[PDB]
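Enquirer: Here is the sequence, then the experimental structure:
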Amino acid sequence: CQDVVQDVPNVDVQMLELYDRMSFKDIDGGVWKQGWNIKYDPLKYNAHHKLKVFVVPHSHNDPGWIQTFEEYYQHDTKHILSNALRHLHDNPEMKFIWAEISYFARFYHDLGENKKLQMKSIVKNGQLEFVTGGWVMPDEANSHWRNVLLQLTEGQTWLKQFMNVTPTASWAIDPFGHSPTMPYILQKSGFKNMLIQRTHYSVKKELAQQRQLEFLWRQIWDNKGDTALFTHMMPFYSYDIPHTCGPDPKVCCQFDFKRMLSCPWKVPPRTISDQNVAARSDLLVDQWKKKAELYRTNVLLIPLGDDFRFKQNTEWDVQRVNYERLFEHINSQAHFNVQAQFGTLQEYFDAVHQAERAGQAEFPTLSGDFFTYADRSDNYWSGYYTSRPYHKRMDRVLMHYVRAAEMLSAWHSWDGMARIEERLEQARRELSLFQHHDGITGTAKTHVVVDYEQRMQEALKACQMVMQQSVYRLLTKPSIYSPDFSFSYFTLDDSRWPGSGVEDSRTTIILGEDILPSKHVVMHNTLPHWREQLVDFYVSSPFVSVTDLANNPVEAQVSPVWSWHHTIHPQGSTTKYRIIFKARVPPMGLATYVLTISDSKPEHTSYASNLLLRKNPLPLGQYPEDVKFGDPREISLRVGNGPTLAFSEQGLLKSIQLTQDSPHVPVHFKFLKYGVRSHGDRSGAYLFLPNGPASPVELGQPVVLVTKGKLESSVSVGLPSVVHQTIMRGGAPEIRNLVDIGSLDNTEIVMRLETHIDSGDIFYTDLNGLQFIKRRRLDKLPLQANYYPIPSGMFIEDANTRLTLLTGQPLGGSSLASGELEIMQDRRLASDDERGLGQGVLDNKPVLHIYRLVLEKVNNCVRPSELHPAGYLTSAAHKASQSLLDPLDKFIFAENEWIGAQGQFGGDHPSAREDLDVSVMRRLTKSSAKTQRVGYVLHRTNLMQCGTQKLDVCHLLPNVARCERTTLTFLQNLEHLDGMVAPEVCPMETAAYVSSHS
Ligand SMILES: OC[C@@H]1[C@@H](O)[C@H](O)[C@@H](O)c2nc(CCCc3ccccc3)cn21
Ligand SMILES: [Zn+2]
Ligand SMILES: [Zn+2]
């Protein structure tokens, strides 16, 4: 294993380092507005050194944006694919690339066998080439690496299964900035090459000047370079035809033959004839040779396409016939020294690697990311890190439910009548669809966001049905287990989605001596280690005690059920209560507990006090402790031996103390607002264009609720637009915000932490929940350029102290000053930001955001070199993130009686090292397969050293006949394991295994 802390990689281009050196001057470069007038020596080219030009036809198909997936399919995409099948069949030299497998699968399944075989023939002869082959072309900012892998696996499994092809070249022309998470997954998925487009205009110029637009993209911690993937960055403003032939879009637009739609430079395309072909070819080859000066080989990529292009058969004809006339002329005239032809992406990369093998070029190394993206001036695309934050949170919930459902159902082979495979396939595809760069980003029209939401709701329900069937099977004696595959044996209880304040939907367990004295509940732990977590349930009485199925008492706490109403005041339930207790659940396992009613106060159940700080002072039915009242004031709570927390008069954190003999370190939560410019460019779904720094929110004298208990305590307050809550369970606290931005038009609400940590200009954000990247705040860039994706975490630190904020949802954030962290909560925007959506963001809905807040001492931790581009979490911050993203699942038994009930599953499962995760467990075979196969993805993170059994997934199921190390998609074997034992994986490595069983 490489060390990833002490060694700093030696790369030609390190993007944080380059960012420090770059001026970011926004100079008019001429016809290439954001570059310079390209010059080439024409005697560069001769019969022995010709330019080789691949013209690569394509059609950018958004799986939802202005229209829904199905709308686009019926209106556009089905015609594009019908015409591709017809035109490529009929024209053997014509080529086409396709990226979105969601659309291709939707099309292919609707064809007759003859059309299906026609399609196979134009894929096998290489006319139609799949690029990437994901379900979508995913967002790279907000997306979790697990969901990027899921949608890649879903697309590539479809291609392998139905087309017998696995792409090794990736095409990502539209995501709004690019993440090194992509090459990481792609290079561990058998890829050899990738292509990106949307990078800062200043970055394109800088790399172009050094011919560093092709580079070996390695991870920021990779010393050796084994993660390196060859990457082609396109040089110009767009993927459209005016911005892909060469530097002058007025010229390139004349070779978009569909525009004879028109050219905004006001020179239309001309039909190619014997009369003008010499002149037209001279214009075009001049553009090609200028573009070729920016790259190191004599092999040139010329994409030919745009949004939903190649829809009409007359577009196919007008593009094909005019380019054939150009190629015929150019190829036959020696003076050009060009060979031009329709090609695919793989053909381009194959030719580039031939030129490299033959010493014609060596490529530079690069580490870093391409956030935050700007397409022009100060138009930074940090808005979509936050846009439609309800659906951004829903992504993380469904992420976990798909993992839980695949893992719980993987333990057994299921009869086809259970429809397990059908529900999981639906769940994977709706979650995969939402990874789209107009899904999770929140950049689609109102009705399309509604479609994504309804699809993810159906996916959640499918997961619940699979999970409850699986739990019933795993915990019922096989001698009794006699399933009805349509029955609800359990209902799921989730206290964090949607959240009781968003939707009052949690079921109450109704107990009573006559009606039903006791209720079985079951916790699932998807993580491969022993876990204790407080869990809660709604119960109809406060007189409830908890036992395991062995009748061992379990210490519990009962709290009232509070909700908040309209200024903003709490109300207690007189009819339902929260029972809280510590579930202990095996690795990848289940634990059964029992809730029982009694006459009076149980022996092992404590009751919380309830202080309502307010100026002019509530029943709680049977709740044994009366609500106490007071005037606003400073309060201080400790739970267990964990941190002591001081809160302001207004119910917001002001200080944390770690241990009894620790200093009270200050940490001030504060809600500010950003506004929208009245003059010049407007913030919208994409762009963050603040009219200056944020100004404090008008807090007033808000009602403050303090709940104090042995196991769990809480401070809630009803601030305008936010119900803010700090929850203490005896480690790092949990923050919940119920955010209702209401009708505050042209507002972005931000949550800031003000510390005295001596961070300076340094801060750390994660990429795709996989790695933490060093950020430097740059005063030479505007505020919106210092905003980065916060997909799972952010942190600041000096020599002694670190504060880490973990998120249950991707949001935008920064450290705009020494010892600050800030993260945006919601944004309501009356204006369009001129990126084609043609609406503002006025469809806000109440969302419950969740966080863990981890103040630590790091002076005794091995931190990486001051030069290292990476950061690493501590064990505590990492476990806190795991608590947010993969909590214990809760199941309530539906019926009165459970004959066969067992207490535990997975008691014998290995409790793997804290830094290892079974990211994926998925059974790969149906019941009708002679040999059962199960795929595992294992991820080992890297935790900071500050001062467990071996997990072999090959042997997790019995009767292992074979084990393979595979690509992350499970689609190819990389290493036969003779000992059928999985070698363990290095820090910051992700590996996949497929185990066979006889
Ligand atoms: O800008 C980003 C979005 C992105 O969200 C989509 O996923 C991507 O496919 C896309 N295509 C366009 C075309 C430009 C709009 C237009 C077209 C003619 C006239 C006026 C405006 C915009 N976008
Ligand atoms: Zn797009
Ligand atoms: Zn083998």
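Expert: Done, it's in. Numbering: from 1, shown residues only. Ligands and ions are numbered 1, 2, ... in the order given.
Enquirer: ok, now which ones touch the residue in the stretch 651-800 of the chain that ligand 1 sits nearest to?
Expert: Residue nearest to ligand 1 within the stretch 651-800 of the chain: residue 686 (6.5 Å; CB to the nearest ligand atom). Where you see a C-beta, it was placed from the backbone N, CA and C, and this is true even at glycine. Counting by CB atoms under 8 Å, 6 or more residues apart in numbering, residue 686 touches 176, 381, 383-384, 387, 443, 833, 835, 837.
Enquirer: Kindly identify which of these also come near ligand 2.
Expert: With the criterion set as CB under 5 Å from the ion, no member of the contacts of residue 686 is near ligand 2.
Enquirer: what about the closest residue to the residue of the stretch 651-800 of the chain closest to ligand 1 other than its chain neighbours, distance to residue 810?
Expert: Excluding its sequence neighbours, the residue lying closest to residue 686 (CB to CB, 6 or more residues apart in numbering) is residue 835, at 4.6 Å. The spacing between residue 835 and residue 810, counted by CB to CB, to the nearest Å, is 19 Å.
Enquirer: Same check on residue 446?
Expert: Applying CB to CB to residue 446 and residue 810 gives a distance of 20 Å.
Enquirer: Then residue 912?
Expert: For residue 912 relative to residue 810 (CB to CB), the value is 27 Å.
Enquirer: Tell me which of these two has more neighbours.
Expert: Legend: neighbour count by other CB atoms under 10 Å for residue 912 and residue 810, higher for residue 810 (29 against 23).
Enquirer: What is the neighbour count of the closest residue to the more buried one other than its chain neighbours?
Expert: Nearest non-adjacent residue to residue 810, counting by CB to CB, 6+ apart: residue 142, 3.8 Å away. The local packing of residue 142 (other CB under 10 Å) involves 31 other residues.
Enquirer: From ligand 1, how far off is residue 142?
Expert: Using CB to the nearest ligand atom, to the nearest Å, residue 142 is found at 13 Å from ligand 1.
Enquirer: again with residue 290
Expert: 25 Å.
Enquirer: for that residue, helix, strand, or coil?
Expert: helix (DSSP: H, G, I helix; E, B strand; the rest coil).
Enquirer: give me the number of residues near the closest residue in space to it that isn't next to it in sequence?
Expert: Closest residue to residue 290 apart from its sequence neighbours, by CB to CB, 6+ apart: residue 38 at 4.0 Å. Using other CB under 10 Å, residue 38 has 22 other residues around it.
Enquirer: isn't residue 38 right next to residue 292, touching?
Expert: No - applying CB atoms under 8 Å as the test, residue 38 and residue 292 come out as separate, 9.3 Å apart.
Enquirer: Can you name the residue of the stretch 51-200 of the chain nearest ligand 2?
Expert: When distances are taken as CB to the ion, the stretch 51-200 of the chain reaches nearest to ligand 2 at residue 174, 3.6 Å away.
Enquirer: any idea how far residue 63 is from that residue?
Expert: On the measure of CB to CB, residue 174 and residue 63 end up 11 Å apart.
Enquirer: With residue 995 instead?
Expert: Residue 995 is 33 Å from residue 63, by CB to CB.
Enquirer: The two: who's more crowded?
Expert: Higher neighbour count among residue 995 and residue 63: residue 63, with 28 against 25, using other CB under 10 Å.
Enquirer: Map the structural domains onto the sequence of the chain.
Expert: 1-377, 378-488, 489-608+887-908, 609-886, 909-998 (curated CATH domains).
Enquirer: Around ligand 1, which positions in this protein sit nearby?
Expert: 60, 62, 65, 174, 307, 437-438, 443, 835-836 (CB under 6 Å from any ligand atom).
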